[PDB]
Amino acid sequence: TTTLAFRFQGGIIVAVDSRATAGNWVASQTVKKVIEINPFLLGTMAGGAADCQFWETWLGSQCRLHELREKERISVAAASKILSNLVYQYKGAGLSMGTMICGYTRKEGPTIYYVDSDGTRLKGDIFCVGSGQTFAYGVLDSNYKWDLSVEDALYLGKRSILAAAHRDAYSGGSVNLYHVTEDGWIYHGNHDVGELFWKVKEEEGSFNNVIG
Amino acid sequence: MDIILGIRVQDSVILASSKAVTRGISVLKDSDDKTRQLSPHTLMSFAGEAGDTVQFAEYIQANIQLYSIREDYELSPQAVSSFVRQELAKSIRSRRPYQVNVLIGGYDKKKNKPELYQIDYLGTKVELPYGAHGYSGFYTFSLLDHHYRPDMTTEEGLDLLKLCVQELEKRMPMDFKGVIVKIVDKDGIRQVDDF
Amino acid sequence: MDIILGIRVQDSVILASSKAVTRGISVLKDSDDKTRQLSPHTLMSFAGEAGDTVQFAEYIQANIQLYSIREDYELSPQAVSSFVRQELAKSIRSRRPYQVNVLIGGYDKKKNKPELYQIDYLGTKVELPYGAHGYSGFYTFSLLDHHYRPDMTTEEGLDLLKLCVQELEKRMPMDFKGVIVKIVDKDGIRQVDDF
Amino acid sequence: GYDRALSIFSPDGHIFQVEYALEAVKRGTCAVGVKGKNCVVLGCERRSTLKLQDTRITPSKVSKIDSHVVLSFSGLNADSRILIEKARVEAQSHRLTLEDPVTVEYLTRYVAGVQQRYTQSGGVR
Amino acid sequence: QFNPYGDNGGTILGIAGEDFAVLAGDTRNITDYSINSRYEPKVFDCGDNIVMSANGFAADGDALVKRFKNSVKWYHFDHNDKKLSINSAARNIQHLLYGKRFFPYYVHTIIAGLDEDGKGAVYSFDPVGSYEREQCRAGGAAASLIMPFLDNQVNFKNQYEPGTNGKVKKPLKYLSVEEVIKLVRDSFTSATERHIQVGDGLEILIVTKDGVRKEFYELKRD
Amino acid sequence: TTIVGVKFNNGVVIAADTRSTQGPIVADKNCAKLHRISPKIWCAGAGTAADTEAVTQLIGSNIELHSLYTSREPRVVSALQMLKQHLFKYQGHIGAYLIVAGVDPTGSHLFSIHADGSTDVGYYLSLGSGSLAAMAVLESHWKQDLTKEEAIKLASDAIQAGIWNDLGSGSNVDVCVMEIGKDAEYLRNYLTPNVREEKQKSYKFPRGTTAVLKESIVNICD
Amino acid sequence: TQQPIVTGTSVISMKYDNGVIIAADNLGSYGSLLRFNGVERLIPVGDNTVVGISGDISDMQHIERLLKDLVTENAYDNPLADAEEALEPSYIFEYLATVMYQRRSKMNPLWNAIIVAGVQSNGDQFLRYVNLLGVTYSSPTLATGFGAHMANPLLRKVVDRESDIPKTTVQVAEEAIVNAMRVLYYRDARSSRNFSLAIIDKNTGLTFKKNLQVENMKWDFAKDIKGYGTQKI
Amino acid sequence: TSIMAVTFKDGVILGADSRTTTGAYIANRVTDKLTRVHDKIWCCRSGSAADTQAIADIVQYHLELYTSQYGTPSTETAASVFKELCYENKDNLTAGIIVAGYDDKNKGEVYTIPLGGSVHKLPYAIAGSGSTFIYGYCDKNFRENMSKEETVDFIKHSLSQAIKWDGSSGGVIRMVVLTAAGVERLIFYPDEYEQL
Amino acid sequence: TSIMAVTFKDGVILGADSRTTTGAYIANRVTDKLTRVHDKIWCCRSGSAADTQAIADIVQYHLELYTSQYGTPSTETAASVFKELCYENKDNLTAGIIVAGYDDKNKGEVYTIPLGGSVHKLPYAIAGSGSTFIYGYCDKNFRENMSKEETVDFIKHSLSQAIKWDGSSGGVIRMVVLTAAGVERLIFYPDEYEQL
Amino acid sequence: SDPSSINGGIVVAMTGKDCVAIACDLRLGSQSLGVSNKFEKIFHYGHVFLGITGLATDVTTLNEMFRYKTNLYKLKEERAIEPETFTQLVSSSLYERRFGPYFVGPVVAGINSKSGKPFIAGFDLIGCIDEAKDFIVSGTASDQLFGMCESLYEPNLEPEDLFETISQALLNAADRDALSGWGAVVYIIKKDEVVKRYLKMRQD
Ligand SMILES: [Mg+2]
Ligand SMILES: [Mg+2]
Ligand SMILES: [Mg+2]
Ligand SMILES: [Mg+2]
């Protein structure tokens, strides 16, 4: 995996790849590593596919129960903390999860929490997570400014996953893009790296290391 | 050791190499030059097992200097890189292998082209536009994939390298104490003093 | 985690705690506050196993806040430190022990004295003029042995701390991304924003 | 464990033990709550058949549950301590898990829920 | 030391058409270098137009299939004989597998049927309950031999329109049940040639709105 | 592998399957496990394929040089002794399990050699993963005083037991017959009971299907 | 977690046109020591099922008691216990299969390989295997341990697929089984000469044969075998 | 393996089963474990087939070379050569060998060589896995100066029992009789010895 | 240990050596390994002294309680109680026990219970480390319906040999005779049995 | 710490009508890190073609070694080495390192210059020769190549058809392997012309 999410002037970008591996066997190129918890909440998935898939959909059930009981959408802080307190109970048992809980609420604004299976929970503006995280960081960090347009932000997120999909053997397939604003999350498509790489190479003039 | 990079631009090869030497919980030195001049137009940077690194570098240096004197001639970067690779390829099945990774940056005067060779301790050689050894590459390769162009100037190369060092200084867990940067071109080898 | 220090001067306790959070070869965060206010005049810094640290800190915080509400009263630093120690002393023979080391800095309002308590994950408590956890102490204890005086001011304390951070930034292998510094005195707990 | 159904229905549909608990409240000292435009005031009678009291230490009738919420009561004093202690624990547990203090409605719902549970559990009044 | 797991070999394969779906599997059951049986089926009709195979360790696969069949039975009892949709089956199976997260069923599971719009559906699971809907999936011993073939022949990957300079991809389209069965049979005969645990027989279960049909073909017995 | 040797009236016959594996994968479907040491001394080999080939070629070479030096037809006991002493020296690290047989001026001979250097004498022998399937047949059907045609049948039947029942063995049956007073006849692919069935479909692609970036003529001349 | 102490080697079996045959020797080995020689490893259940067991004998005796108790339990409040509600082979097997998998799942296996041979009430032949891991499978021939390696190849020459079963008589099938038992005595170092054999036929019912012996053995050729290579005398 | 060698009035008799094993699989049921290192010096082999064969082959070479230079070697000499190989290579051998031969001066002699490579001259010797089960029997039934027929019976009964209890042992019982008369090979099939 | 139990015409006799060992040190040279679990149901103990004692003590308790409620237990019943303990606690026991008793209906009976906790009813049984060396002997010399004196001799000779070869076995040979007549304890010292 | 799957890569070869094809990917990585997109694994000595997968240092070393040996062969024999003969030299040379082997999966392809016959062969790391009429596979996606070839292949394909077949076998095998890909090269070989084509493929 490579996954990321960053905060900026116009909300939150979230981008992930779609590869799943069993060692060096490429098991799937079409995995959904973002899970839509509600119209204002997203969770990313890295590590054990099952662990992430199972506990993040379980998280969605807990979030849904919160708004039935409290007549109010759950805060990102509280949603992330349900998940982190859950995995902390299983600490040592061998769960494998690197997740980011992204969303907007009125009281918090756009918010990202990194949550992993050792029980770490961090609020932050930028995180990249997974086997390709360093590659995504390299691009993202060098071109990141708070003031990016929504258009430029979407591309950076997509371009950063591309960077990692290219270099990291255990990342690839396609990119899935999301924008999160005050009004909720908006999907911005599935982008096969098959075509995206060549498209970006030509249009951007990058990837010269590659035989064109 | 740890951080060594190399970028080949239009008319030069640039090597950047970290200055720290750490044993245990102490940084013993913050001004270490992890490089040896093999010939006037060939420079080798190196990283790996303590002691092995310098011992290997100086051994290769001695061998190339000997060749130069014997033939009153300078081996091409390709020739030097192939000699180095073979030496490492022997080493890997020895009783005690040299655990050293190297970058060789040279300017070939017969072709008027700069050349960068990346070789690991197994004797795995590749010629590259840009290269790195260790964890360095996990940050820099993606960044250079994006910003690198083949027709860049030496100055564009240095700025591109400043980006790499900035990223490493942000995301790397260890304090590698900055880099010594060296340029290899048609006029030989010089060191950038302010970086 | 890694770097947490504490200095007790004439009229305050000062805690300094590193800002980096590193998992693997990536610094995930460079602005992490490794501290929890337990009561208005008691602050606890912490370092250790990922997840365990915050979970423990927040658990202690919840317990002390509960006590405060129940008695409409603030536990003395000594009382808090003893509660914390016992909690860790239980933990060490559990199925899975909390692997957390802490410094507790508090101002005792009944005695008008600042107090610094160092407690490791085994529940080993000591009151000290200055303290540290992890490799930090291997540099700072000797330095504070030299420059520390018992009658120092808060400002003298901060300069003494700047020396410690300077040394750690010179000799420590890892980039801990500076420190957040907090002062605990008769008026409560405040954060120095420029360090 | 002692199991007896103490709160049960009578033929007329009343749960007499709950209604008798109301009589204990009716016997308790008066307490009043008035809310302003920008405040709430809690007032409490203290019966004056007791002189030689020590007002410093005698449990006050208004209890802080958290720094922003207070609870007062009429009825059995010893009973009230149990509700207050539970409420205070839940207040800290809410801050720990939700990272936000309780709403007054939430805290009230919790306390109300405890009271209800003691009306259909074996072995308790 | 007692090892509670074994490997019974075999391999399975699910393909989804427009208004049908197939789930194929060989009938060979092995341990080590011995054949236990040349005809031991491992693809099952579970009711409600859902076929299922749990390939790998047969004892775990049989327990799982057994439990899911039982889950379907109680779904009827508890929800007024309601039909268990394939998506609902998939999610139930996730919980069956993940319920043994710390002592897993050693199986790659595949189910096939029709979604609620009458379209063909295939879902695959890892041993601890990660699942995904797909047009196409092979599981088991020869999965690595078969899957890339299916990428090429079912989803037309790496195939471009002739003359277009590799600029226009071959267009995706559904396949007939006749074409899909050809691809299944060729997949298994190829796999049989190059994998020792694959052979003896091939049994395909086809699923349409009319129910569940079977087809059986001999495979090489060496 | 399955390999066998069977003695008869006037000589000796050996046989072998033709499967080569890398783990569960079949690497070669038609490999030759019957090795010529000298014209009338042939060797069936099981184990590490390169080891059986090298050790058989080496001793084959030294036997030739010996035959020339002595002006005599080579004997089986020489090949046996040279093979066993070589393999013993290597303590099993050369993984060659051999059935040695042939005719020479002394008569007809059948031996087996394990990897480790131990030798056996017998009228019927089997080695390899399929040796138990083969030996079951040999123990069932062997008798003293077999004809050439009976021994071939027995031998190839024993290999077939291996081909069908052992996952380590498959494809074809090779035979070699060494009769006294005659040239040895090597019968390559004596049986071929595992011919691949007609595929359902041709996968020949429309020309231009594959996207190309560059072409160039490669110079192979001087 | 266990290690087997006193053990029984192969159980072999096959279907023929009217029923099933199953056999197993009478030995309880203690490692390489051939310790006990009167051990019956075929256990009949009613007059329609025989359960053959290999592996740990202490666990075999436990299973005997389970089966014997199962019969008792089935008779309780059952007027048709010797009729329509008699124990079928398929019932007995599913019970053992259930137990075997439960025990492996609790990391405390019954260290056995089991073959249940019998005839159902509708005349159908039943032959199914289950072992310590709870693995189950059916085949026209079935054998455990060495039997799988040496008997199955011989028995499969008689019944190589389903369609060969009506063509196989009880005379032919028994011949093959008895021959297979001889081969295992030649080649399995944990086998004995003495064995038991049971036929369950849809017409003749259960025939249980005790104290059989491997006979018609070839050993004469041994006298001609001298040395290990070059030795002549 | 079950093996033994027994001195008697006229010379010595060697005896052995015929089972070679790889685990529980019988790789050879008609093995010949009685091996000639000289006209009237033979050995019984137990342990690793490879080791014991390699050893016997080397010894045969040595005694053939001894014979060419110094004439017929004594049984003691043959046993010493076996010992030298077994002792000096004790780390890399699994060989329990019994040496038996007939001189005309010394009559029958038996030397046994266990794993360490020690040498032990004895009236009779038993070895191999199956020997454990007949220590009792053989000690109670052996007498010195038995006749040929008595010795054949002693060996036949003894190895019968070793074979009965040891699963590693089995097949036929081979014997080799060493006297002034010459060298005689005997064999006894299961149907005879099993029901003693 | 060397132990055995032998049925004969009038009942059954149990026999045992007297050596208890911790390593090569003899912790007790006069041990009594023949143990009463009922008037005429006894056992021979081999394996861990602690395990076999703890077991016999439990069994004696069970049979005393059985007796109080249902009268005298059969030898089969006693053997079943031993088995139950040995089988169900097989992971935590090292106990090889022979059970022997005298009914008036069933006469003499011998059940042996090896490590797994399997049960084996036999005419006679041998067990313990020393038994390996007398399988041969005992199979050749045992007959059914022997007299008391013949059985005492069979046991005396058998255990004599087991003791001769097994270093773990030794000391005196204890026997216990179980017949309609009653219960008789016999002992035989080294100076007698060593030179049989 | 499994040398054959540190660098990654694949090679496949096929026969057709009076032609052969040999193809390889271009990736060289260090486990998860892709490093070079230009690492060709196919070499030629005269008209004999050799592909080599596995540990890249041994790939390079063996190329340099077989160039050495074939140059000397040619000087002494006064003719270019043929594929049957070269195949034997490869086997000799690998088995020479029996107990300290090169960690490689070589593949030989070529057309005999005298007989005109197409020829392919594969080798294990220790020199065993796998000869085949149809195809040879090698590398970290060898399972995948086996599956592609065994279904896609048919005998007697014309050079232009064989090209499509081998290219599709390689490409789809490569895309199911994390350590193979990043480019591809195909050699179509006829009696006296050899065409080298670089394929467009996904770069993840
Ligand atoms: Mg086969
Ligand atoms: Mg114990
Ligand atoms: Mg003794
Ligand atoms: Mg990639």
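Numbers attached to residues count from 1 within each chain as its sequence is written and can disagree with those in the entry; no residue without coordinates is shown. Written order decides the labels, with chains lettered from A and ligands numbered from 1. All values in this description refer to the chains shown, which are themselves only part of a larger assembly. Excluded from the side-chain calculations are hydrogens and water; all other atoms, namely the structure's heavy atoms, are used.

Its PDB header names X-ray crystallography as the technique used to obtain the model and reports a resolution of 2.70 Å.

The next point concerns the pairing of strand β5 (residues 34-38) of chain H. Residue and element names in this part refer to chain H. With 4 of 5 residues buried, β5 is to be regarded as a mostly interior element. Should DSSP find at least two bridges between two strands, the strands are regarded as paired. To qualify as a helix, a DSSP run of H or I must reach at least 4 residues; to qualify as a strand, a run of E must reach at least 2; elements of each kind are numbered from the N terminus. When β5 meets strand β6 (residues 41-47), the two strands line up antiparallel, connected through 4 bridges. Residue pairing across strands places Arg36 opposite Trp42, the latter belonging to β6. In this structure, the hairpin formed by β5 and β6 is closed by a connection of 2 residues. Residue exposure (1.4 Å probe, protein chains only): buried if accessible area is under 20% of the type maximum, exposed if over 50%, otherwise partly exposed.

Let us now look at the coordination of the magnesium ion (ligand 1). Residues and elements named next belong to chain F. On the protein side, the magnesium ion (ligand 1) has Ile163 (O), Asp166 (O) and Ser169 (O) as donor atoms, found 2.1 to 2.4 Å from it. Here a donor is an N, O or S atom found within 2.8 Å of the metal, or within 3.2 Å if the metal is Na, K or Ca; sites may look incomplete because water is not among the atoms. If you list the donors of the magnesium ion (ligand 1) from N- to C-terminus, the spacing comes out as I-x2-D-x2-S. With respect to burial, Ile163 and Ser169 carry one shared label: buried.

At the junction of the two partners, chain F supplies 35 residues and chain J supplies 38 residues. Values labelled buried area give the accessible surface lost by two parts on being combined, using a 1.4 Å probe and summing over both. Where chain F abuts chain J, roughly 3200 Å² becomes buried across the two surfaces, and 55% of that area is made up of carbon and sulfur atoms. Any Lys or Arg side-chain nitrogen found within 4 Å of a carboxyl oxygen on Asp or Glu counts as a salt bridge. Linking chain F with chain J are 7 salt bridges, by the criterion used here. The partner of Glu160(J) in a salt bridge is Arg207(F), with the nearest N and O atoms 3.8 Å apart. Whenever two N or O atoms come within 3.5 Å, that pair is a polar contact, provided that in protein one can donate a hydrogen and the other can accept it, and provided that, for residues adjacent in sequence, both atoms are side-chain atoms. Here chain F is connected to chain J by 18 residue pairs in polar contact. Secondary structure elements with two or more residues in the side of chain F that touches chain J: β4 (25-28), α1 (49-70) and β13 (212-218) of chain F. Tallying contributions element by element places β13(F) first for the side of chain F that touches chain J, with 7 residues. Looking at side-chain class alone, the side of chain F that touches chain J contains 17 nonpolar, 8 polar and 10 charged residues. Only heavy atoms enter the contact rule, under which two residues are in contact if any of them lie within 4.5 Å. Each residue is assigned to one class: nonpolar for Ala, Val, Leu, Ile, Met, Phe, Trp, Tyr, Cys and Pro, charged for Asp, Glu, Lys and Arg, and polar for all the others, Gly among them.

Take the nonpolar core next. In plain words, nonpolar cores are sets of buried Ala, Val, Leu, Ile, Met, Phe, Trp, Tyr and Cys residues tied together by side-chain atoms within 4.5 Å. Counting 106 residues, the largest nonpolar core has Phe6(A), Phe127(A) and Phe86(J) as the members making the most contacts within it. Residue contributions to this core peak at 8 residues, all from helix α4 (residues 150-167) of chain A. If we skip the residues at most four places from it in the chain, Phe6(A) touches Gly11(A), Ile12(A), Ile13(A), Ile112(A), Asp125(A), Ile126(A), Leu140(A), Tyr144(A), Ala153(A) and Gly157(A). Ranked by size, the runner-up nonpolar core spans 64 residues in total, among them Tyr124(F), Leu146(F), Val175(F) and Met181(G).

Before going further, it helps to spend a moment on the sheet that holds strand β9 (residues 121-123) of chain A. Residue and element names in this part refer to chain A. Reading across the sheet, the 5 strands line up as β5-β6-β7-β8-β9 and stay open at both edges, with antiparallel pairing between neighbours. The outermost strands of the open sheet, each flanked by one partner alone, are β5 (34-38) and β9. Each adjacent strand pair in this sheet contributes to an overall mean axis angle of 20°, direction not counted. The pairing of strand β6 (residues 41-44) with strand β7 (residues 98-105) spans 3 bridges and is classified as antiparallel. Bridge pairing in β7 places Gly43 opposite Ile101. Interaxial angles span 0 to 180 degrees and are taken between N-to-C directions of axes, which are lines fitted to C-alpha atoms, for helices over the stretch in contact. Along the sheet face, helix α1 (residues 49-70) touches β5, β6 and β7 and points at about 10° away from the line of β5. Sheet strands touched by helix α2 (residues 76-89): β6, β7, β8 (109-116) and β9. Its angle to β8, the strand with the most contacts, is close to 5°.

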